Amino acid sequence: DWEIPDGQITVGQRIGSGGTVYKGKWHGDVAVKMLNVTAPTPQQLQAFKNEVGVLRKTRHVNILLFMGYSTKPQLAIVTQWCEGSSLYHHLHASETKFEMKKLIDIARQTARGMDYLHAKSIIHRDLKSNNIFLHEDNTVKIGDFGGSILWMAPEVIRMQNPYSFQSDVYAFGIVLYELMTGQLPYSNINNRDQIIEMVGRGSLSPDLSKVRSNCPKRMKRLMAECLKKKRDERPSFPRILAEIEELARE
Ligand SMILES: CC(=O)Nc1cc(-c2sc(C3CCN(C4CC4)CC3)nc2-c2cccc(NS(=O)(=O)c3cc(F)ccc3F)c2F)ccn1
């Protein structure tokens with residue numbers, strides 16, 4: 001089994017909270033995600049092992065690698081350590097001058113991981129650029145599927161059956177929007193309640209006039225399909241992947 005016994009992991013620097021993520025040492029570098037629980041009930045332990053079971057179904061280069069789990073001294077999930085920062089950081093904080101070639105590659109890699117998860121019947125539920133780690137600045141690692149409102153599909157935003165393969169697709173659409181515009185959607189409306197109301201009712205959607213000159217018109221159309229307010233009108237990942245790989249040639 002994939003349990004790591006007590007004392008094998010050396011916990012280092014805290015990364016962020018929400019439980020808590022640390023850098024650790026275990027046969028090299030790992031990320032250690034501490035759930036806020038020291039004496040699990042024989043009921044929490046079962047929802048934990050249940051979630052571990054989900055993570056263990058993934059083996060793919062664009063999905064954060066599951067490496068094991070801890071019961072003692074604390075419930076914790078152990079993964080590979082990623083170097084660098086999230087796609088969100090690159091796109092919106094540091095303004096990494098990515099050529100359109102790289103931008104497309106990132107989308108393609110994101111599409112690969114999502115298509116993979118969907119094949120294994122896993123709905124992400126929280127895809128956003130903060131959750132796409134750009135390991136060594138090259139490889140997309142999709143994490144955080146074991147504050148999100150800009151990526152929420154109208155049906156999800158309707159305060160709510162809403163989490164589906166198609167809500168993931170919509171969130172992926174917002175990610176394409178981020179990539180192809182360099183911007184977060186609704187940037188000229190800094191109002192959470194307003195966005196919840198307007199996106200929820202279908203009166204507001206991302207401003208597509210903002211996708212850059214360089215964006216293969218074929219990508220812009222694909223992004224529009226992913227963002228269909230009408231959930232059934234959205235493409236599936238197999239189709240999204242096929243599409244992105246083909247335009248990636250030209
Ligand atoms: C430099 C660095 O931060 N490296 C790093 C970080 C992680 C992180 S970061 C991070 C958060 C921190 C809080 N915020 C904002 C402050 C930034 C959002 C992202 N989470 C991870 C992380 C660590 C372990 C598991 C997950 N996700 S998970 O759904 O539990 C998961 C576990 C698993 F075993 C396999 C896949 C998987 F998605 C993480 F997302 C994972 C691997 N490497």
# chains A, B, ... in the order shown; residues from 1 in each chain; ligands from 1

$ closest_atom_pairs --of "chain A" --to "ligand 1" --cutoff "7 Å" --atoms "only C-alpha atoms and all ligand atoms" --output "tab-separated table"
residue	atom	partner	partner_atom_place_in_ligand_line	distance
A:15	CA	ligand 1	3 (O)	6.1
A:16	CA	ligand 1	13 (C)	4.6
A:17	CA	ligand 1	13 (C)	5.8
A:18	CA	ligand 1	13 (C)	6.7
A:21	CA	ligand 1	23 (C)	5.7
A:31	CA	ligand 1	42 (C)	5.0
A:32	CA	ligand 1	24 (C)	5.9
A:33	CA	ligand 1	24 (C)	4.9
A:55	CA	ligand 1	35 (C)	5.2
A:63	CA	ligand 1	36 (C)	6.3
A:64	CA	ligand 1	36 (C)	4.5
A:65	CA	ligand 1	35 (C)	5.0
A:66	CA	ligand 1	34 (F)	3.3
A:67	CA	ligand 1	34 (F)	6.0
A:68	CA	ligand 1	34 (F)	6.6
A:77	CA	ligand 1	34 (F)	5.6
A:78	CA	ligand 1	34 (F)	5.6
A:79	CA	ligand 1	34 (F)	4.8
A:80	CA	ligand 1	42 (C)	5.7
A:81	CA	ligand 1	43 (N)	3.9
A:82	CA	ligand 1	43 (N)	3.6
A:83	CA	ligand 1	1 (C)	4.9
A:84	CA	ligand 1	1 (C)	5.4
A:85	CA	ligand 1	1 (C)	6.1
A:130	CA	ligand 1	18 (C)	5.8
A:131	CA	ligand 1	19 (C)	5.8
A:142	CA	ligand 1	38 (F)	6.3
A:143	CA	ligand 1	38 (F)	3.4
A:144	CA	ligand 1	29 (O)	3.2
A:145	CA	ligand 1	29 (O)	3.7
A:146	CA	ligand 1	29 (O)	3.5

$ residues_around --residues "segment 7-12 of chain A" --least-positions-apart "6" --cutoff "10 Å" --atoms "only C-alpha atoms" --output "ChimeraX atom specification"
/A:21-32,70,72-73,78

$ write_last_selection --atoms "N, CA, C and O atoms" --output "PDB file, in the first residue's frame"
ATOM      1  N   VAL A  21      -0.307  23.325   3.187  1.00  0.00           N
ATOM      2  CA  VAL A  21       0.684  22.746   2.290  1.00  0.00           C
ATOM      3  C   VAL A  21       2.073  23.133   2.743  1.00  0.00           C
ATOM      4  O   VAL A  21       2.357  24.319   2.920  1.00  0.00           O
ATOM      5  N   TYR A  22       2.934  22.124   2.911  1.00  0.00           N
ATOM      6  CA  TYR A  22       4.364  22.339   3.181  1.00  0.00           C
ATOM      7  C   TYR A  22       5.249  21.694   2.108  1.00  0.00           C
ATOM      8  O   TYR A  22       4.850  20.719   1.469  1.00  0.00           O
ATOM      9  N   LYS A  23       6.454  22.235   1.947  1.00  0.00           N
ATOM     10  CA  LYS A  23       7.569  21.502   1.374  1.00  0.00           C
ATOM     11  C   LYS A  23       8.115  20.458   2.359  1.00  0.00           C
ATOM     12  O   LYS A  23       8.347  20.770   3.526  1.00  0.00           O
ATOM     13  N   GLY A  24       8.347  19.234   1.880  1.00  0.00           N
ATOM     14  CA  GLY A  24       8.962  18.208   2.706  1.00  0.00           C
ATOM     15  C   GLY A  24      10.105  17.459   2.042  1.00  0.00           C
ATOM     16  O   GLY A  24      10.357  17.631   0.855  1.00  0.00           O
ATOM     17  N   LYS A  25      10.803  16.640   2.823  1.00  0.00           N
ATOM     18  CA  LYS A  25      11.808  15.703   2.290  1.00  0.00           C
ATOM     19  C   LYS A  25      11.340  14.291   2.504  1.00  0.00           C
ATOM     20  O   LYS A  25      10.920  13.939   3.619  1.00  0.00           O
ATOM     21  N   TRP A  26      11.382  13.512   1.411  1.00  0.00           N
ATOM     22  CA  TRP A  26      11.103  12.058   1.363  1.00  0.00           C
ATOM     23  C   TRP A  26      11.635  11.545   0.039  1.00  0.00           C
ATOM     24  O   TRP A  26      11.019  11.775  -1.012  1.00  0.00           O
ATOM     25  N   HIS A  27      12.777  10.852   0.065  1.00  0.00           N
ATOM     26  CA  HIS A  27      13.462  10.441  -1.174  1.00  0.00           C
ATOM     27  C   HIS A  27      13.599  11.585  -2.147  1.00  0.00           C
ATOM     28  O   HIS A  27      13.397  11.402  -3.352  1.00  0.00           O
ATOM     29  N   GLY A  28      13.960  12.761  -1.627  1.00  0.00           N
ATOM     30  CA  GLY A  28      13.987  14.020  -2.374  1.00  0.00           C
ATOM     31  C   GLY A  28      12.886  14.963  -1.903  1.00  0.00           C
ATOM     32  O   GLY A  28      12.495  14.951  -0.732  1.00  0.00           O
ATOM     33  N   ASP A  29      12.375  15.796  -2.804  1.00  0.00           N
ATOM     34  CA  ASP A  29      11.433  16.830  -2.410  1.00  0.00           C
ATOM     35  C   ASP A  29      10.030  16.326  -2.626  1.00  0.00           C
ATOM     36  O   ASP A  29       9.777  15.579  -3.568  1.00  0.00           O
ATOM     37  N   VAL A  30       9.127  16.741  -1.747  1.00  0.00           N
ATOM     38  CA  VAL A  30       7.702  16.428  -1.860  1.00  0.00           C
ATOM     39  C   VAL A  30       6.920  17.628  -1.357  1.00  0.00           C
ATOM     40  O   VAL A  30       7.477  18.509  -0.679  1.00  0.00           O
ATOM     41  N   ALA A  31       5.648  17.686  -1.728  1.00  0.00           N
ATOM     42  CA  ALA A  31       4.721  18.597  -1.103  1.00  0.00           C
ATOM     43  C   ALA A  31       3.912  17.758  -0.137  1.00  0.00           C
ATOM     44  O   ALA A  31       3.521  16.628  -0.460  1.00  0.00           O
ATOM     45  N   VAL A  32       3.661  18.306   1.050  1.00  0.00           N
ATOM     46  CA  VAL A  32       2.880  17.606   2.052  1.00  0.00           C
ATOM     47  C   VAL A  32       1.663  18.474   2.364  1.00  0.00           C
ATOM     48  O   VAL A  32       1.798  19.640   2.778  1.00  0.00           O
ATOM     49  N   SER A  70      -0.183   9.955   4.653  1.00  0.00           N
ATOM     50  CA  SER A  70       0.215   9.855   6.036  1.00  0.00           C
ATOM     51  C   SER A  70      -1.042   9.730   6.884  1.00  0.00           C
ATOM     52  O   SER A  70      -2.037  10.411   6.630  1.00  0.00           O
ATOM     53  N   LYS A  72      -0.149   9.110  10.531  1.00  0.00           N
ATOM     54  CA  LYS A  72       0.537   9.659  11.692  1.00  0.00           C
ATOM     55  C   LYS A  72       1.724  10.526  11.224  1.00  0.00           C
ATOM     56  O   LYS A  72       2.385  10.184  10.245  1.00  0.00           O
ATOM     57  N   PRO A  73       2.018  11.643  11.927  1.00  0.00           N
ATOM     58  CA  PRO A  73       1.366  12.181  13.136  1.00  0.00           C
ATOM     59  C   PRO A  73       0.050  12.896  12.851  1.00  0.00           C
ATOM     60  O   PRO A  73      -0.572  13.426  13.774  1.00  0.00           O
ATOM     61  N   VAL A  78       0.773  13.296   0.236  1.00  0.00           N
ATOM     62  CA  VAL A  78       2.131  13.543  -0.229  1.00  0.00           C
ATOM     63  C   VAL A  78       2.158  13.521  -1.732  1.00  0.00           C
ATOM     64  O   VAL A  78       1.633  12.595  -2.361  1.00  0.00           O
TER      65      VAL A  78
END

$ atom_distance --atom1 "atom CA of residue 132 of chain A" --atom2 "atom CA of residue 49 of chain A"
24.4 Å

$ closest_residue --among "A:197, A:233, A:245, A:1" --to "residue 56 of chain A" --atoms "only C-alpha atoms"
A:1

$ closest_residue --among "A:182, A:200, A:113, A:19" --to "residue 151 of chain A" --atoms "only C-alpha atoms"
A:200

$ closest_residue --among "A:179, A:244, A:4, A:61" --to "residue 95 of chain A" --atoms "only C-alpha atoms"
A:179

$ residues_around --residues "residue 86 of chain A" --least-positions-apart "5" --cutoff "12 Å" --atoms "only C-alpha atoms" --output "list in words"
residues 91, 92, 93, 94, 96, 106, 128, 129, 130, 131, 132, 133, 134, 135, 136, 137, 138, 139, 140, 141, 142, 143 and 144 of chain A

$ write_last_selection --atoms "C-alpha atoms" --output "PDB file, in the first residue's frame"
ATOM      1  CA  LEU A  91      -0.293  35.336 -16.455  1.00  0.00           C
ATOM      2  CA  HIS A  92      -1.382  38.008 -13.965  1.00  0.00           C
ATOM      3  CA  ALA A  93       1.314  38.846 -11.510  1.00  0.00           C
ATOM      4  CA  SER A  94       4.735  38.574 -13.097  1.00  0.00           C
ATOM      5  CA  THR A  96       5.752  36.323 -18.256  1.00  0.00           C
ATOM      6  CA  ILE A 106       0.038  25.228 -22.049  1.00  0.00           C
ATOM      7  CA  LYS A 128      -8.531  27.616 -12.505  1.00  0.00           C
ATOM      8  CA  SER A 129      -5.140  29.045 -13.392  1.00  0.00           C
ATOM      9  CA  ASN A 130      -4.077  29.072  -9.701  1.00  0.00           C
ATOM     10  CA  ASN A 131      -4.457  25.305  -9.810  1.00  0.00           C
ATOM     11  CA  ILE A 132      -2.324  24.784 -12.842  1.00  0.00           C
ATOM     12  CA  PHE A 133       1.258  24.554 -11.711  1.00  0.00           C
ATOM     13  CA  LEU A 134       3.939  25.340 -14.314  1.00  0.00           C
ATOM     14  CA  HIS A 135       6.577  22.926 -13.123  1.00  0.00           C
ATOM     15  CA  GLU A 136      10.037  24.135 -14.164  1.00  0.00           C
ATOM     16  CA  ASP A 137       8.132  26.727 -16.300  1.00  0.00           C
ATOM     17  CA  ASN A 138       7.348  24.029 -18.919  1.00  0.00           C
ATOM     18  CA  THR A 139       5.038  21.266 -17.677  1.00  0.00           C
ATOM     19  CA  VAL A 140       1.444  21.846 -16.581  1.00  0.00           C
ATOM     20  CA  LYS A 141       0.589  20.028 -13.371  1.00  0.00           C
ATOM     21  CA  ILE A 142      -3.090  20.119 -12.541  1.00  0.00           C
ATOM     22  CA  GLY A 143      -3.656  20.108  -8.798  1.00  0.00           C
ATOM     23  CA  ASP A 144      -6.179  20.756  -6.040  1.00  0.00           C
TER      24      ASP A 144
END

$ closest_residue --among "A:158, A:176, A:89, A:168" --to "residue 193 of chain A" --atoms "only C-alpha atoms"
A:158

$ atom_distance --atom1 "atom CA of residue 218 of chain A" --atom2 "atom CA of residue 243 of chain A"
8.4 Å

$ residues_around --residues "residue 172 of chain A" --least-positions-apart "3" --cutoff "12 Å" --atoms "only C-alpha atoms" --output "ChimeraX atom specification"
/A:106-115,124-129,131-132,142,150-153,165-169,175-179,222-228,234-237,240-241

$ write_last_selection --atoms "N, CA and C atoms" --output "compact mmCIF listing (two decimals), in the first residue's frame"
# COMPACT_ATOMS: atom_id res chain seq x y z
N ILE A 106 0.64 25.28 -23.40
CA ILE A 106 0.04 25.23 -22.05
C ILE A 106 -1.42 24.74 -22.07
N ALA A 107 -2.22 25.31 -22.97
CA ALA A 107 -3.60 24.90 -23.22
C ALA A 107 -3.66 23.44 -23.60
N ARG A 108 -2.75 23.04 -24.49
CA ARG A 108 -2.72 21.66 -24.97
C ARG A 108 -2.45 20.72 -23.80
N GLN A 109 -1.43 21.06 -23.00
CA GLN A 109 -1.07 20.27 -21.82
C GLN A 109 -2.22 20.25 -20.79
N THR A 110 -2.88 21.40 -20.61
CA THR A 110 -4.03 21.48 -19.68
C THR A 110 -5.15 20.58 -20.19
N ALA A 111 -5.37 20.62 -21.50
CA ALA A 111 -6.40 19.79 -22.15
C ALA A 111 -6.11 18.31 -22.01
N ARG A 112 -4.85 17.93 -22.17
CA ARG A 112 -4.41 16.55 -21.91
C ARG A 112 -4.73 16.03 -20.50
N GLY A 113 -4.41 16.84 -19.48
CA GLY A 113 -4.71 16.43 -18.09
C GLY A 113 -6.20 16.34 -17.83
N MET A 114 -6.95 17.30 -18.34
CA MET A 114 -8.39 17.31 -18.14
C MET A 114 -9.06 16.16 -18.89
N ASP A 115 -8.64 15.94 -20.14
CA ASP A 115 -9.16 14.82 -20.90
C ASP A 115 -8.85 13.52 -20.19
N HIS A 124 -13.05 17.67 -11.86
CA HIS A 124 -12.13 18.48 -11.10
C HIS A 124 -12.83 19.35 -10.08
N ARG A 125 -13.82 20.13 -10.54
CA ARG A 125 -14.66 20.98 -9.66
C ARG A 125 -14.07 22.34 -9.32
N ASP A 126 -12.77 22.52 -9.53
CA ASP A 126 -12.14 23.78 -9.21
C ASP A 126 -10.97 24.12 -10.13
N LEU A 127 -11.13 23.84 -11.43
CA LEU A 127 -10.10 24.21 -12.37
C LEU A 127 -10.01 25.70 -12.50
N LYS A 128 -8.82 26.22 -12.30
CA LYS A 128 -8.53 27.62 -12.50
C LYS A 128 -7.03 27.73 -12.68
N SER A 129 -6.55 28.89 -13.11
CA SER A 129 -5.14 29.05 -13.39
C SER A 129 -4.26 28.96 -12.15
N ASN A 131 -4.52 26.73 -10.08
CA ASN A 131 -4.46 25.30 -9.81
C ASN A 131 -3.73 24.55 -10.90
N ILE A 132 -3.13 25.33 -11.78
CA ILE A 132 -2.32 24.78 -12.84
C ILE A 132 -0.92 25.20 -12.46
N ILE A 142 -1.78 19.77 -13.05
CA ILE A 142 -3.09 20.12 -12.54
C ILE A 142 -3.24 19.60 -11.12
N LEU A 150 -14.82 33.35 -10.83
CA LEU A 150 -14.56 33.72 -12.23
C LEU A 150 -14.55 32.50 -13.17
N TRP A 151 -14.25 31.32 -12.64
CA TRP A 151 -14.20 30.07 -13.43
C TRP A 151 -15.47 29.26 -13.33
N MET A 152 -16.44 29.74 -12.55
CA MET A 152 -17.70 28.99 -12.34
C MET A 152 -18.67 29.15 -13.50
N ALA A 153 -19.13 28.02 -14.04
CA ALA A 153 -20.19 27.99 -15.04
C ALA A 153 -21.51 28.59 -14.47
N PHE A 165 -18.87 17.34 -15.85
CA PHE A 165 -17.84 17.42 -16.88
C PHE A 165 -17.91 18.72 -17.64
N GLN A 166 -19.12 19.24 -17.84
CA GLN A 166 -19.30 20.48 -18.61
C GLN A 166 -18.96 21.75 -17.86
N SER A 167 -19.15 21.77 -16.53
CA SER A 167 -18.65 22.89 -15.72
C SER A 167 -17.12 22.93 -15.73
N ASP A 168 -16.48 21.76 -15.75
CA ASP A 168 -15.01 21.73 -15.94
C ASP A 168 -14.62 22.35 -17.26
N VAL A 169 -15.40 22.00 -18.29
CA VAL A 169 -15.14 22.53 -19.63
C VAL A 169 -15.23 24.06 -19.64
N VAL A 175 -9.89 29.47 -18.59
CA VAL A 175 -8.44 29.34 -18.63
C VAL A 175 -7.89 29.71 -20.02
N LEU A 176 -8.55 29.23 -21.07
CA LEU A 176 -8.20 29.67 -22.44
C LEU A 176 -8.31 31.17 -22.57
N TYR A 177 -9.36 31.73 -21.97
CA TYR A 177 -9.53 33.17 -21.98
C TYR A 177 -8.34 33.86 -21.34
N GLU A 178 -7.93 33.38 -20.16
CA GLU A 178 -6.77 33.92 -19.49
C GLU A 178 -5.53 33.85 -20.37
N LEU A 179 -5.31 32.70 -21.00
CA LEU A 179 -4.14 32.48 -21.84
C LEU A 179 -4.18 33.40 -23.06
N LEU A 222 -12.94 27.82 -30.37
CA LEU A 222 -12.99 26.73 -29.40
C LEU A 222 -13.30 27.25 -27.99
N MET A 223 -12.64 28.35 -27.64
CA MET A 223 -12.89 29.04 -26.39
C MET A 223 -14.35 29.50 -26.25
N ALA A 224 -14.92 30.03 -27.33
CA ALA A 224 -16.35 30.38 -27.37
C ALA A 224 -17.26 29.17 -27.15
N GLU A 225 -16.93 28.02 -27.72
CA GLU A 225 -17.71 26.78 -27.49
C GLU A 225 -17.65 26.31 -26.03
N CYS A 226 -16.47 26.41 -25.43
CA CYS A 226 -16.29 26.00 -24.04
C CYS A 226 -17.08 26.91 -23.09
N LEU A 227 -17.30 28.15 -23.50
CA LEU A 227 -17.96 29.14 -22.66
C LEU A 227 -19.46 29.24 -22.87
N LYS A 228 -20.03 28.31 -23.62
CA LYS A 228 -21.47 28.30 -23.83
C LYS A 228 -22.22 28.26 -22.50
N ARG A 234 -21.73 22.69 -24.87
CA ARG A 234 -20.28 22.69 -24.69
C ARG A 234 -19.66 21.44 -25.29
N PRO A 235 -18.49 21.58 -25.92
CA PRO A 235 -17.74 20.39 -26.35
C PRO A 235 -17.26 19.55 -25.17
N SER A 236 -16.94 18.30 -25.45
CA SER A 236 -16.29 17.41 -24.50
C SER A 236 -14.77 17.51 -24.63
N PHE A 237 -14.03 17.00 -23.64
CA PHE A 237 -12.58 17.07 -23.70
C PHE A 237 -11.92 16.32 -24.86
N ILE A 240 -12.14 18.67 -27.46
CA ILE A 240 -11.29 19.82 -27.16
C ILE A 240 -9.82 19.47 -27.40
N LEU A 241 -9.39 18.32 -26.89
CA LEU A 241 -8.01 17.87 -27.11
C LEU A 241 -7.67 17.72 -28.60

$ closest_residue --among "A:50, A:41, A:205, A:62" --to "residue 186 of chain A" --atoms "only C-alpha atoms"
A:205

$ select_by_dssp --residues "segment 137-194 of chain A" --states "strand (DSSP E or B)" --output "list in words"
residues 139, 140, 141 and 142 of chain A

$ select_by_dssp --residues "segment 18-72 of chain A" --states "helix (DSSP H, G or I)" --output "list in words"
residues 44, 45, 46, 47, 48, 49, 50, 51, 52, 53, 54 and 55 of chain A

$ atom_distance --atom1 "atom CA of residue 118 of chain A" --atom2 "atom CA of residue 238 of chain A"
9.0 Å

$ decode --residues "segment 163-240 of chain A" --atoms "C-alpha atoms" --output "compact mmCIF listing (two decimals), in the first residue's frame"
# COMPACT_ATOMS: atom_id res chain seq x y z
CA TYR A 163 -20.70 20.08 -10.88
CA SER A 164 -20.27 18.21 -14.10
CA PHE A 165 -17.84 17.42 -16.88
CA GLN A 166 -19.30 20.48 -18.61
CA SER A 167 -18.65 22.89 -15.72
CA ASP A 168 -15.01 21.73 -15.94
CA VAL A 169 -15.14 22.53 -19.63
CA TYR A 170 -16.43 26.03 -18.90
CA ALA A 171 -13.67 26.57 -16.32
CA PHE A 172 -11.18 25.36 -18.97
CA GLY A 173 -12.78 27.96 -21.25
CA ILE A 174 -12.01 30.68 -18.72
CA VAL A 175 -8.44 29.34 -18.63
CA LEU A 176 -8.20 29.67 -22.44
CA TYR A 177 -9.53 33.17 -21.98
CA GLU A 178 -6.77 33.92 -19.49
CA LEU A 179 -4.14 32.48 -21.84
CA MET A 180 -5.43 34.06 -25.07
CA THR A 181 -6.05 37.53 -23.55
CA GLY A 182 -3.48 37.70 -20.76
CA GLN A 183 -6.37 38.96 -18.61
CA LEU A 184 -8.92 37.87 -16.03
CA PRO A 185 -12.54 38.11 -17.24
CA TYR A 186 -14.80 41.01 -16.15
CA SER A 187 -11.74 43.09 -15.23
CA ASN A 188 -13.80 46.28 -15.57
CA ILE A 189 -16.27 45.05 -12.95
CA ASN A 190 -14.58 44.67 -9.61
CA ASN A 191 -17.79 43.44 -7.90
CA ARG A 192 -18.33 39.90 -6.71
CA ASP A 193 -22.08 40.16 -6.08
CA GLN A 194 -22.65 41.75 -9.48
CA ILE A 195 -20.64 39.01 -11.26
CA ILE A 196 -22.51 36.28 -9.36
CA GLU A 197 -25.83 37.87 -10.37
CA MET A 198 -24.99 38.65 -14.00
CA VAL A 199 -23.08 35.47 -14.93
CA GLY A 200 -25.67 33.41 -13.04
CA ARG A 201 -28.58 34.89 -15.03
CA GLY A 202 -26.67 34.75 -18.36
CA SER A 203 -26.45 38.52 -18.91
CA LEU A 204 -22.64 38.70 -18.65
CA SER A 205 -19.93 36.67 -20.30
CA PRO A 206 -16.20 37.13 -20.95
CA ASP A 207 -15.40 39.87 -23.49
CA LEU A 208 -14.04 37.93 -26.51
CA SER A 209 -13.00 41.10 -28.35
CA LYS A 210 -10.03 41.02 -25.96
CA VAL A 211 -8.40 37.83 -27.32
CA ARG A 212 -5.10 38.89 -28.87
CA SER A 213 -4.41 39.41 -32.57
CA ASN A 214 -2.11 36.33 -32.52
CA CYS A 215 -4.79 33.89 -31.37
CA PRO A 216 -5.44 31.27 -34.06
CA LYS A 217 -9.05 32.01 -34.99
CA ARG A 218 -9.57 28.26 -34.50
CA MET A 219 -8.63 28.61 -30.81
CA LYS A 220 -10.90 31.66 -30.33
CA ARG A 221 -13.85 29.66 -31.68
CA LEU A 222 -12.99 26.73 -29.40
CA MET A 223 -12.89 29.04 -26.39
CA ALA A 224 -16.35 30.38 -27.37
CA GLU A 225 -17.71 26.78 -27.49
CA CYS A 226 -16.29 26.00 -24.04
CA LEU A 227 -17.96 29.14 -22.66
CA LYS A 228 -21.47 28.30 -23.83
CA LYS A 229 -23.87 29.37 -21.06
CA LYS A 230 -25.96 26.47 -22.23
CA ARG A 231 -24.22 23.49 -20.62
CA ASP A 232 -25.15 20.89 -23.29
CA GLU A 233 -23.82 23.10 -26.05
CA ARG A 234 -20.28 22.69 -24.69
CA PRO A 235 -17.74 20.39 -26.35
CA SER A 236 -16.29 17.41 -24.50
CA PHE A 237 -12.58 17.07 -23.70
CA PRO A 238 -11.82 14.40 -26.35
CA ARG A 239 -13.03 16.93 -28.92
CA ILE A 240 -11.29 19.82 -27.16
